[PDB]
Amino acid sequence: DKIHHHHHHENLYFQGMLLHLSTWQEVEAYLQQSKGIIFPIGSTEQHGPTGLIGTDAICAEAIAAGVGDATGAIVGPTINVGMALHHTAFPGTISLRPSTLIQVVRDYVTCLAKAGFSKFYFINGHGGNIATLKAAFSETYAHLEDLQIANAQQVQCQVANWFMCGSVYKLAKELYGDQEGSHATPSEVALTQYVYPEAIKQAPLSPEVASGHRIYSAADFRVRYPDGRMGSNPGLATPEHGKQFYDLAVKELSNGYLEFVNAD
């Protein structure tokens, strides 16, 4: 079909309750039952010769829709561009400054907190967002207090990193060992291959890959990691492994969301 030609993506994403496919009256009705909302947050950045530039957004989005569906949580629109400053020496990377992302998060949370949302669960696909997100939460809490927003004291934000789930790390170790690496990992590439089997990329991977975890300026990054991979053999990925990572991430983060939303 002309409009809808990513069928695996559509099966995974168009489940549960998306904010974008709801009316304001439906959101008002939802808010009688729950004050929780899930934001998928990723990145638009290089993922080596074979990785999708959207990998982090693709992963977060797909898992978030799954968690929404499993928990009854409303799922907001995906934050597609985050803090990816160190990947800007590769073309197609888009990044905000940390200071810009903090203001974006502040704006999102303030609008929704005024409506009565108080449990904000960010399902994150990009390690580089973690620090800025946590900073943004702190900035946001102080802003809500300064505004004397009615529910300010109740408003809570948490980031859940799908790639830090214990079930996910344990499977990646079992399948890929010390070739999982830190960026353009076979686990995340596996997941993208499951969501978008039509976009599986064929490209050579140099047989030696730069290792280590050191990340400074964009210019330094590309010198250290010339093809953009850190330590990783994404050629071990399969869409079958991808489904496994999807199912583990959704199960573990459904429990995590429910523990969050049900906590005081």
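Start at 1 with the first residue shown and count on from there.
Enquirer: 128-136 versus 159-167: which one carries the higher mean Cα B factor per the record?
Expert: The stretch with the larger average C-alpha B-factor is 159-167.
Enquirer: What stretch has the higher average Cα B-factor here, 217-225 or 197-205?
Expert: The entry gives the higher C-alpha B-factor average to 197-205.
Enquirer: Could you say whether, by C-alpha temperature factor, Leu12 belongs to the lowest, middle or highest third of its chain?
Expert: For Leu12, whose C-alpha B-factor we compare with every modelled residue in the chain, the answer is the highest third.
Enquirer: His183's Cα B-factor: lowest, middle or highest third of the chain?
Expert: Middle third of the chain for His183's C-alpha B-factor.
Enquirer: What third of the chain, by the recorded C-alpha B-factor, contains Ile38?
Expert: Its C-alpha B-factor, which the entry lists for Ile38, ranks in the lowest third among residues of this chain.
Enquirer: For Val109, does the deposited CA B-factor place it in the lowest, middle or highest third of the chain?
Expert: Its C-alpha B-factor belongs to the lowest third of this chain's values.
Enquirer: What third of its chain, lowest, middle or highest, does the C-alpha temperature factor of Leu175 fall into?
Expert: It falls in the top third of the chain.
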